[PDB]
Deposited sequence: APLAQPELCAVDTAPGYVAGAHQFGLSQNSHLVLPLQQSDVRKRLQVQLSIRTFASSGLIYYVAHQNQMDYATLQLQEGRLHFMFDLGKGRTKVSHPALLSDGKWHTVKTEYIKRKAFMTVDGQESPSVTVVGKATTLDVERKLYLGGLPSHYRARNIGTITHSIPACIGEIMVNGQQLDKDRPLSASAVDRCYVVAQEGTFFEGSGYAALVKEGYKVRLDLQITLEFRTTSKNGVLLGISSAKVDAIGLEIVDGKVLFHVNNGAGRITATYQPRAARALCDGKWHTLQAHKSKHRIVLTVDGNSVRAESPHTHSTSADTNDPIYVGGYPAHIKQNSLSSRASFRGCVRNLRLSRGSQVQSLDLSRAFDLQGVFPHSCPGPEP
């Protein structure tokens, strides 16, 4: 029974979904395996597709011989496109300057024809490159992998960018023919695209994402930074806990942000309370910094800091739970059990390390890299 009428939070407007489009990158192996029947790519491979993304890296498409001696692939790296193939006796590579990670739709074309190869993005064609090697044919299996690769597949000689691209892909054509993406040979972890999206990972409020199955050790010093947006007053953000006492936690309870830490001598808590109760559930992005050092704990929200200052090591050796946690998992430094609802972006631990939610080993009600609504 509150003394004043409750302060309502902002409201989220569902954008709906794009018809005939697929969102990849939800897991490191999200993909579609599409049949190639009428295409003869031996002397010519022209692929045209539309893409929308905020990501910096990922595999967009791949085709290869059973022995992998012949192949062709399109990958994104540092926000830019790279097209390469090997006809059996040498690799040819083409790059394009266009920056694609702006969240807007782009048309892309990759072309290998005769003894030349080139790329086109939004109509801007790159200079041609001469096919390398003596071989004259691209000999590959009658199958194209779109948006990523199967978990059991081991792609050779295409570098380390073999994870699924966090992006929405529309229709795709090969040598003038539109492929029926609705009739894939097989697939894994694919979903729909929001009509309008913004950079981030959506948490529907029902589950969580668990990372680092081998265990993470907080120890003495650790810096956690992230950005979040939400229209709810309660929600767990992050927790790393031993099955005993040592643990750390970050959560939103009744409009306030709490950073708990326990080095084996009791819970230490830094609390941030905004001027307005509904300030943080306004649907806009907020920055969050939580630094743990020897005998110091500092929580900073939107530039506002709050700290608290005899064991000093948080001896954890467990997974990192994001956005919530299941009942059978102990979280000694979290008072709440409520799953977060909203989006989180730029999650990093510091010597910096950013956490990629698409790598979660256990995921429930969370959609990495896919966040609805405009920014």
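Numbered from the first deposited residue, the unresolved ranges run 310-313, 355-357, 383.
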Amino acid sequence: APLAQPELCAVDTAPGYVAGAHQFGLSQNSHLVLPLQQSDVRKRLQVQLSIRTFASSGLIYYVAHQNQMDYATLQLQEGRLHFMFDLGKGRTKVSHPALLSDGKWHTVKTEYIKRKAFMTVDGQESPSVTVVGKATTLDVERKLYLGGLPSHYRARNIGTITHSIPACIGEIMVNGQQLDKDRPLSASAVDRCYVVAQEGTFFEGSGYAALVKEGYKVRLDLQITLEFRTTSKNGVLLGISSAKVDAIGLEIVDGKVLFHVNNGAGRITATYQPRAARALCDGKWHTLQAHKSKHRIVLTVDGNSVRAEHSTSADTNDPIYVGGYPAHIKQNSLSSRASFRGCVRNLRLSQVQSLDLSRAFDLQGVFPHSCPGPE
From here on, numbers count along this sequence of modelled residues.
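Annotation for 137-145 versus 160-168: the higher mean temperature factor (C-alpha) is found in 137-145. 89-97 and 189-197 differ in mean CA B-factor, and the higher of the two is recorded for 89-97. Comparing the C-alpha B-factors of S126, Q75, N175, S242 in the entry, the top value falls on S126.
Residues shown: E251, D182, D246, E204. Highest C-alpha temperature factor in the entry: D182.
In this PDB entry, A21 carries a Cα temperature factor that places it within the lowest third of its chain's modelled residues. In the PDB entry, a CA B factor belonging to the middle third of its chain's modelled residues is recorded for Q364. Per-chain ranking of the deposited C-alpha B factor places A210 in the lowest third.
Per the PDB record, residue ranking by Cα B-factor puts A4 in the middle third of the chain. Among all modelled residues in this chain, the alpha-carbon of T231 has a temperature factor (C-alpha) in the middle third.
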